[PDB]
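Enquirer: One structure, as structure tokens, below. Some questions next.
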Amino acid sequence: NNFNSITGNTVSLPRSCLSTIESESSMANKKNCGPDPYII
Amino acid sequence: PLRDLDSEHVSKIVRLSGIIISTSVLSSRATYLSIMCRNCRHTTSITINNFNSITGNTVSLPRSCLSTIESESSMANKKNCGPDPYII
Amino acid sequence: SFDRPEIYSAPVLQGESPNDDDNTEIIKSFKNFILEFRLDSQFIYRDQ
Amino acid sequence: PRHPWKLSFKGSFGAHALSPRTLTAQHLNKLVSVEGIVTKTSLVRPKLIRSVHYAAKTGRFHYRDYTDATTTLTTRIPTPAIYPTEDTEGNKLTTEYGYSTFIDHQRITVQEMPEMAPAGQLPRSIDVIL
Ligand SMILES: [Zn+2]
């Protein structure tokens, strides 16, 4: 909801996967998704 | 004898006698292993001829994909495969 | 969509004089030891 | 009595019958009918879809398919498969041109028509992939 930025990304894609920090699944299936793993 | 092993014998061929207390199970070490990149799909082969080390990986999978440094393809299709991208 | 270029070699000249500490000369000396050693009258390592 | 069939559309588009000036970001991911004038036409370039290779040691033909974000409407995971110069066994592959498939690709630039453009302003243009 903020689009005043020029020459810079004030909001960007997360640097790492958010599945580990959320702990959304009780099963919780070392595994790393890699740096910048998100696709729009 | 086993009691006169010193630091002068390190990385040296020594002849030494004794008795054997235990023999472990047979572990499987890798001589020839074919690796494939996760998304890059780059196929590589690692040949190992030294298996006699203990407590440490003297030969490991490469930290990064080798398709970029080799430049085998003329078209060469920033794209990075990630850290430790090879599966055996 | 071209192929990977290949690299090959062919011996032409004598090059520099071989050295005893060189790996190739150690391999050659070991090979000659295997092929040419005689205990009494037989090449024991070749036969083995 | 193999190539998949494509679709094309005619008829009234309603609010989707637009102009290169009238196209804004509210029309993204929508089917639009844009009238205009072609200003630039790129060279028709073949694009590799499937490459066919030959292994002379084992005498076998392999293939690899290639996709990009343009050929599909629905975004999938981008898996960049490199051009295979070596098989899984380590043997060298020879590219079999003539058995590989190439699809013609073009870029055109559609500008607003000078008949319907404002008479003093700079014109707006869009890129179209064919
Ligand atoms: Zn890779």
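Just remember, in the structure tokens the first chain shown is A, the second B, etc., residues are 1-based per chain, and ligands are 1-based in the order shown.
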Pick out the chain B residues within 10 Å of chain A. Count only C-alpha atoms. Give them as a PyMOL selection string.
Expert: chain B and resi 80-85
Enquirer: Within 7 Å of ligand 1, counting only C-alpha atoms and all ligand atoms, which protein or nucleic acid residues do you find, written as a ChimeraX atom specification?
Expert: /B:37-42,65-67,81,85
Enquirer: Write the selection just made, keeping C-alpha atoms, as an mmCIF file, in the first residue's frame?
Expert:
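Result file is out_0.cif:
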```
data_model
loop_
_atom_site.group_PDB
_atom_site.id
_atom_site.type_symbol
_atom_site.label_atom_id
_atom_site.label_comp_id
_atom_site.auth_asym_id
_atom_site.auth_seq_id
_atom_site.Cartn_x
_atom_site.Cartn_y
_atom_site.Cartn_z
ATOM 1 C CA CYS B 37 22.018 -30.685 -10.450
ATOM 2 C CA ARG B 38 18.603 -30.098 -8.876
ATOM 3 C CA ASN B 39 17.241 -27.616 -11.438
ATOM 4 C CA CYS B 40 20.195 -27.003 -13.761
ATOM 5 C CA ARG B 41 20.263 -30.770 -14.564
ATOM 6 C CA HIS B 42 24.045 -30.696 -15.081
ATOM 7 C CA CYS B 65 27.036 -25.850 -9.930
ATOM 8 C CA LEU B 66 29.846 -26.483 -12.408
ATOM 9 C CA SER B 67 27.855 -25.602 -15.543
ATOM 10 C CA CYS B 81 21.502 -23.116 -8.943
ATOM 11 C CA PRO B 85 22.748 -28.308 -5.739
#
```
Enquirer: Please measure the separation of CA of residue 112 in chain D and CA of residue 35 in chain D, giving the value in Å to one decimal.
Expert: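 Those two atoms sit 7.3 Å apart.
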Enquirer: Only residues of chain C matter here; which ones have an atom within 7 Å of chain B, counting only C-alpha atoms? Give them as a PyMOL selection string.
Expert: chain C and resi 1-4
Enquirer: Any chance you can output those residues with N, CA, C and O atoms as an mmCIF file, in the first residue's frame?
Expert:
```cif
data_model
loop_
_atom_site.group_PDB
_atom_site.id
_atom_site.type_symbol
_atom_site.label_atom_id
_atom_site.label_comp_id
_atom_site.auth_asym_id
_atom_site.auth_seq_id
_atom_site.Cartn_x
_atom_site.Cartn_y
_atom_site.Cartn_z
ATOM 1 N N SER C 1 23.404 -23.568 -31.291
ATOM 2 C CA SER C 1 23.243 -24.781 -30.501
ATOM 3 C C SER C 1 24.395 -25.745 -30.750
ATOM 4 O O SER C 1 24.183 -26.892 -31.139
ATOM 5 N N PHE C 2 25.617 -25.275 -30.518
ATOM 6 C CA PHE C 2 26.800 -26.046 -30.852
ATOM 7 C C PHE C 2 27.214 -26.955 -29.696
ATOM 8 O O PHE C 2 26.707 -26.869 -28.576
ATOM 9 N N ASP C 3 28.162 -27.837 -29.996
ATOM 10 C CA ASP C 3 28.635 -28.848 -29.067
ATOM 11 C C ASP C 3 29.716 -28.287 -28.148
ATOM 12 O O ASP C 3 30.190 -27.159 -28.308
ATOM 13 N N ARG C 4 30.107 -29.090 -27.170
ATOM 14 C CA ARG C 4 31.255 -28.754 -26.342
ATOM 15 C C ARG C 4 32.535 -28.977 -27.138
ATOM 16 O O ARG C 4 32.724 -30.059 -27.706
#
```
Enquirer: Could you tell me how far CA of residue 51 in chain B lies from CA of residue 29 in chain B, in Å and to one decimal?
Expert: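 Calculated distance between CA of residue 51 in chain B and CA of residue 29 in chain B is 6.9 Å.
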Enquirer: When you get a sec, could you note down which chain D residues fall within 9 Å of chain B, using only C-alpha atoms, as a list in words?
Expert: residues 78, 79, 80, 81, 82, 83, 84, 85, 86, 87, 88, 89 and 90 of chain D
